[PDB]
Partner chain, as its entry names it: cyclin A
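In structure tokens, the next block holds one chain alone, the form deposited without the partner chain.
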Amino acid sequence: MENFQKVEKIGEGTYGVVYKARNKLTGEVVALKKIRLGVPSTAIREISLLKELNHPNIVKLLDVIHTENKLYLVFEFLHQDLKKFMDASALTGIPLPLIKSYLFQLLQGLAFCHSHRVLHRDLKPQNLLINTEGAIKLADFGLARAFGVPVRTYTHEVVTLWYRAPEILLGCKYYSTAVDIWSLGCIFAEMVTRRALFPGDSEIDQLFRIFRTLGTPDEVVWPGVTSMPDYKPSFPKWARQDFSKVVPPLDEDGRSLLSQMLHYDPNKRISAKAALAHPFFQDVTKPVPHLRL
């Protein structure tokens, strides 16, 4: 604050408004997130850890400014998010090579964060940001654990459930890096089909949409599921569909990979590091998007 000229709003994440801003010294143009709330010290301490978790696929946290009831996070500015790009690209879709490049890069971002035991917990197309040179980067990494995840944002807009892993929906309190692999799998499926995979509009709806596509989980596919807090014996028991029906026209390597990322059992679900070795990525390249900013 003080030091920043606000130039436009670009965002209203769960925790507060994001503005494009110019630093009145450095020249530099940044995204300034003004987080509403003085400030609880554990979150300060947590957020500050984030200043060292740097990777070319993680949106750089430039500075943390704590002043009153006032927490501003100053990030690297990128000029659009994947949801806007997807919307823009709807008539033809994102070309597969670009989809592949984006998935590859996000997995790298995740492998990095995961290797330092940092989870995102709330990946969604809105927090995947892209630039003109064919990069894509994860934003808001680590903010969920620092703060919480609320059911509504500061604006009352509802927090999307569409990318939530089933172990979170079933009440697992101590979930793992696997939850980000689930989310990125849903996002990969959405890029390919141009439709969200599981667009739930409540927690039961989200879970039943998952069950309807992947089969109601049981003790066979997921040891320990029926003991989870929010598991009920009364869930309907739906059959698994083929992936071939779910993500046409993804090829067999794509489908193989997606299936591994969407394993019910978080223990069996593919890691980011293992995903990077999958044959899907054998012919990966780094195309430039056509970007109309």
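Throughout, rigid core stands for the largest set of C-alpha atoms superposing within 1.5 Å between the two forms. Residue numbers count along the first chain shown, from 1.
S.K.: Counting the other entries of this protein, is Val29 left out in at least a third of them?
M.R.: No: coordinates for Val29 present in every compared entry.
S.K.: Does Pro56 have no coordinates in at least a third of the other PDB entries examined?
M.R.: No; none of the other entries leave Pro56 out.
S.K.: What number of residues from the deposited sequence go unmodelled in the gap from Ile44 to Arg45, classed as none, 1 to 3, 4 to 9, or 10 or more?
M.R.: Per the record, no deposited residues are absent between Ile44 and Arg45.
S.K.: If you average the Cα B factors in the entry, which is higher, 5-13 or 266-274?
M.R.: The deposited B-factors put 5-13 ahead on the C-alpha mean.
S.K.: Using only C-alpha atoms and the B-factors in the entry, which stretch averages higher, 28-36 or 52-60?
M.R.: It is 28-36.
S.K.: Report the option among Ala88, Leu138, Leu184, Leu197 whose CA atom has the maximum B-factor in the deposited record.
M.R.: Among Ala88, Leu138, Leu184, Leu197, the highest C-alpha B-factor in the entry belongs to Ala88.
S.K.: By the entry's C-alpha temperature factors, tell me which of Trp222, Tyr154, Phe188, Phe77 sits highest.
M.R.: Of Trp222, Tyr154, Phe188, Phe77, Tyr154 has the highest C-alpha B-factor.
S.K.: Test of reading the entry: by CA B factor among the chain's modelled residues, which third contains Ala144?
M.R.: It belongs to the highest third of the chain when residues are ordered by C-alpha B-factor.
S.K.: Looking at the C-alpha B-factor of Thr67, is it in the lowest, middle or highest third of its chain?
M.R.: For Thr67, whose C-alpha B-factor we compare with every modelled residue in the chain, the answer is the highest third.
S.K.: Rank-wise, by C-alpha B-factor, drop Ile210 into the lowest, middle or highest third of its chain.
M.R.: Its C-alpha B-factor, which the entry lists for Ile210, ranks in the lowest third among residues of this chain.
S.K.: Going by the CA temperature factor in the PDB record, which third of the chain does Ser101 belong to: lowest, middle or highest?
M.R.: Lowest third of the chain for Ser101's C-alpha B-factor.
S.K.: Within this chain's modelled residues, let me know which third the CA B factor of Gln108 belongs to: lowest, middle or highest.
M.R.: Answer is lowest: the recorded C-alpha B-factor places it there.
We do not show the form solved in complex with the partner chain, though everything after this point is about it.
S.K.: Heavy atom to heavy atom, is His66 within 4.5 Å of the partner chain in the bound PDB entry?
M.R.: Yes, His66 is a contact residue.
S.K.: Check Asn267 for me: does it contact the partner chain in the bound PDB entry (non-hydrogen atoms, 4.5 angstroms)?
M.R.: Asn267: yes, in contact with the partner chain in the bound PDB entry.
S.K.: Applying a 4.5 Å heavy atom distance criterion, does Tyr175 contact the partner chain in the bound PDB entry?
M.R.: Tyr175: contacts the partner chain in the bound PDB entry.
S.K.: Considering non-hydrogen atoms and a 4.5 Å limit, does the partner chain approach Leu257 in the bound PDB entry?
M.R.: Judged by the heavy-atom cut-off of 4.5 Å, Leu257 is well away from the partner chain in the bound PDB entry.
S.K.: Judged by heavy atoms and a 4.5 Å cut-off, are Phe104, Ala135 and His263 together in contact with the partner chain in the bound PDB entry?
M.R.: Not one of the three qualifies.
S.K.: Could you check which of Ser89, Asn131, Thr216, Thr153 shows a C-alpha shift of 2 Å or more between this form and the one not shown after a rigid core superposition?
M.R.: Single hit from the list, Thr153.
S.K.: Note yes or no: does the Cα of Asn23 move by 2 Å or more between this form and the one not shown after the core is superposed?
M.R.: Shift of 2 Å or more: yes.
S.K.: Can we say the CA of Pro166 moves by at least 2 Å between this form and the one not shown when the core is superposed?
M.R.: No, shifts by less than 2 Å.
S.K.: Any CA movement of 2 Å or more for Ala144 between this form and the one not shown, core superposed?
M.R.: Yes; that C-alpha moves by at least 2 Å between this form and the one not shown.
S.K.: Look at the CA atoms of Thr14 and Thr193: state whether they lie closer or farther apart in the bound PDB entry than in this form, given a difference of 3 Å or more.
M.R.: Farther is correct, given that in the bound PDB entry the C-alpha spacing of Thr14 to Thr193 is increased by at least 3 Å.
S.K.: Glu157 and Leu82: their C-alpha distance differs by 3 angstroms or more in the bound PDB entry. Do they come closer or move farther apart compared with the shown form?
M.R.: Result: farther.
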